[PDB]
S.K.: 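Handing you this structure, nothing more for now.
Chain letters run A, B, ... following the sequence lines, proteins first, then strands; residues in each count from 1. Values below: every heavy atom of this structure, side chains too, minus hydrogens, waters and symmetry copies.
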Amino acid sequence: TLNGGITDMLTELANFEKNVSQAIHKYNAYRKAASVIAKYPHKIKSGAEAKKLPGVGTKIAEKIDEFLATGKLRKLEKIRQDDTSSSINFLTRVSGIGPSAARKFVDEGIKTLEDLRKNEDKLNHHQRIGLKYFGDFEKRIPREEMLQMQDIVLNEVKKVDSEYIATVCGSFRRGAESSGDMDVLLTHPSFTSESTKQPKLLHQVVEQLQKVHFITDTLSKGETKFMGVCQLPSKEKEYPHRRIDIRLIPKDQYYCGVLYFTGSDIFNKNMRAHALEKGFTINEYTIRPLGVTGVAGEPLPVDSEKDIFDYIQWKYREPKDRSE
DNA sequence: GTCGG
DNA sequence: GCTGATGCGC
DNA sequence: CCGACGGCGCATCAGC
Ligand SMILES: Nc1ncnc2c1ncn2[C@H]1C[C@H](O)[C@@H](COP(=O)(O)OP(=O)(O)OP(=O)(O)O)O1
Ligand SMILES: [Mn+2]
Ligand SMILES: [Mn+2]
Ligand SMILES: [Mn+2]
Ligand SMILES: [Mn+2]
Ligand SMILES: [Mn+2]
Ligand SMILES: [Mn+2]
Ligand code: NA
Ligand code: NA
């Protein structure tokens, strides 16, 4: 927040490009600029100063000059005043409503929370849940509540089977003092990259979590991925409903998976980019050597996060240092 | 929108 | 009824 | 100056 005013402006521009313009590469360009500036250890005094940084170009330096001169941005004022733009941007804050749905609703005169309720019959299950918990999903979860959630999950998982391993990742693992949601990585000895598929490994855990009334709603559920809603038990003041993601991954790909799901998202983009500049392709699952005509080798042996960093020659960064 | 081809 | 096409979130 | 920029699990539904 040395340069908080500039990164806020870039984020808002990013959001417009994704939600209204449906221009995903521009969205990513703005987030890339906002990230590099956030890293930058000096108060930016001019566009020319920012232009020095990778990810910041001609148009963004011009925008930085204007914000710096006036404290605002003409484009953003116009956009914030534009009815269709403003409304599309708003509806996408509902989980389940993306750029296409929002634009479609707006074309139909649906543009507010109240309009959404009046027309709930036009919403799908995920969207109705998103409406239902609209305010709740916009609150942050403080680390104290995160640690209480960590306890319920690890313990209920134990009760399905003591050999399951559940690891909370995302911002919680990066040590952040508050979190957007809860991300849970799951492994079991019976499920590896070979293992011959066993139904209900994730289902068993999801059903227990439901049984103890921790998980209250399902958004999507399959054999490897559950997205849903959860809520700490109330004695007293009802706790807000939270989003929870659970991913079941093959035991022998656990470190790749832990690297990936700890993030951050920008950090992951940065790592896999740097990976290429060393002859490796990283995904959620494997690190593989690359070569000449684009031949990605077999997965290299990994038994620690750190092992991945070595392959690509980065100093090890503790989870706390990947929040980009 | 930005950068490397 | 089905499934390719597409959206959404990550 | 142009083209690349990450891909995937899951849900829904237009068009047969
Ligand atoms: N767009 C994406 N596509 C694929 N993976 C992603 C994407 N964004 C993030 N990830 C990975 C890296 C993140 O650390 C991890 C968690 O995603 P997510 O829960 O949405 O954000 P986060 O945990 O880093 O912070 P927070 O949830 O508190 O906002 O998933
Ligand atoms: Mn109205
Ligand atoms: Mn998270
Ligand atoms: Mn998440
Ligand atoms: Mn299909
Ligand atoms: Mn162009
Ligand atoms: Mn039909
Ligand atoms: Na630059
Ligand atoms: Na949304």
S.K.: Can you find a side chain N or O atom of A/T224 that sits less than 4.0 Å from OP1 or OP2 on D/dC10?
M.R.: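 So the side chain of A/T224 is within the cut-off, an N or O lying under 4.0 Å from OP1 or OP2 of D/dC10.
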
S.K.: For A/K26, I need the groove its side chain contacts, counting base atoms closer than 5.0 Å. Major or minor?
M.R.: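 Its side chain sits in the major groove.
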
S.K.: Less than 4.0 angstrom from a charged side-chain N to a carboxylate O is my criterion; do A/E305 and A/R173 meet it?
M.R.: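 Yes, this pair counts.
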
S.K.: Can you tell me which nucleotide in C/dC8, C/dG9, B/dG1 comes closest to the side chain of A/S100?
M.R.: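 Out of C/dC8, C/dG9, B/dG1, the nucleotide with an atom closest to A/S100's side chain is C/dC8.
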
S.K.: Could you tell me how far apart A/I97 (CD1) and D/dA11 (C1') are, to the nearest whole angstrom?
M.R.: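 The distance from CD1 of A/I97 to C1' of D/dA11 comes to 15 Å, rounded to the nearest Å.
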
S.K.: A/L53 near the nucleic acid: base, sugar-phosphate alone, or nothing, with a heavy-atom cut-off under 4.0 Å?
M.R.: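 It contacts sugar-phosphate atoms only.
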
S.K.: With a non-hydrogen cut-off below 4.0 angstrom, is A/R103 in contact with a base, only sugar-phosphate, or nothing?
M.R.: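 A/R103: no heavy atom of the nucleic acid under 4.0 Å.
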
S.K.: Heavy atoms under 4.0 Å, any strand shown: does A/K32 hit a base, just sugar-phosphate, or nothing?
M.R.: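 If one applies the 4.0 Å heavy-atom cut-off, A/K32 turns out to touch nothing in the nucleic acid.
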
S.K.: Applying a 4.0 Å non-hydrogen cut-off, can you work out what A/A273 is touching in the nucleic acid: base, sugar-phosphate, or nothing?
M.R.: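 Here A/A273 touches no strand at all.
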
S.K.: Under the 3.5 angstrom rule, does the side chain of A/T262 hit a backbone N or O of A/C169 as a donor-acceptor pair?
M.R.: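 Answer holds: no.
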
S.K.: Rounded to the nearest angstrom, tell me the gap between atom OH in A/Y285 and atom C1' in D/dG6.
M.R.: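 In whole Å, D/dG6 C1' lies 14 Å from A/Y285 OH.
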
S.K.: Mind telling me whether A/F134 and A/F90 have parallel, tilted or perpendicular rings, with 30° and 60° as the class edges?
M.R.: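 Ring orientation of A/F90 relative to A/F134: tilted.
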
S.K.: A/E223 near the nucleic acid: base, sugar-phosphate alone, or nothing, with a heavy-atom cut-off under 4.0 Å?
M.R.: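 If one applies the 4.0 Å heavy-atom cut-off, A/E223 turns out to touch the sugar-phosphate alone, with no base involved.
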
S.K.: Rounding to an integer number of Å, can you tell me how far A/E284 CD sits from D/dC8 P?
M.R.: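 It is 7 Å, rounded to the nearest whole Å.
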
S.K.: With a 4.0 Å cut-off on heavy atoms, is A/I24 in touch with a base, just the backbone sugar-phosphate, or nothing at all?
M.R.: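 Contact class for A/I24: none.
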
S.K.: Has A/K225 got a side-chain N or O lying under 4.0 Å from the OP1 or OP2 atom of D/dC10?
M.R.: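 No, A/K225 has no side-chain N/O under 4.0 Å of OP1/OP2 on D/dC10.
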
S.K.: Need one value for A/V36: base, sugar-phosphate or nothing, where a base atom within 4.0 Å counts as base even if backbone is also close, heavy atoms only.
M.R.: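 Counting heavy atoms under 4.0 Å across all strands, no contact is made by A/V36.
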
S.K.: Do the charged groups of A/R242 and A/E145 touch, with an N to O distance under 4.0 Å?
M.R.: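 Here A/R242 pairs with A/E145 in a salt bridge, since their nearest N and O are under 4.0 Å apart.
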
S.K.: Spell out yes or no: do the side chain of A/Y260 and the base of D/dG6 have one donor N/O and one acceptor N/O closer than 3.5 Å?
M.R.: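 Answer is yes: a donor-acceptor pair is held.
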
S.K.: Counting side-chain heavy atoms from C-beta on, which of D/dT12, B/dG1, C/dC10 comes nearest to A/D245?
M.R.: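 Looking only at heavy atoms from C-beta outward on A/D245, the closest nucleotide is C/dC10.
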
S.K.: Return yes if some donor-acceptor pair links the side-chain N/O of A/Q253 with the main-chain N/O of A/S193 below 3.5 Å, else return no.
M.R.: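 Checking the backbone N and O of A/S193 against the side chain of A/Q253, no donor-acceptor pair under 3.5 Å is found.
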
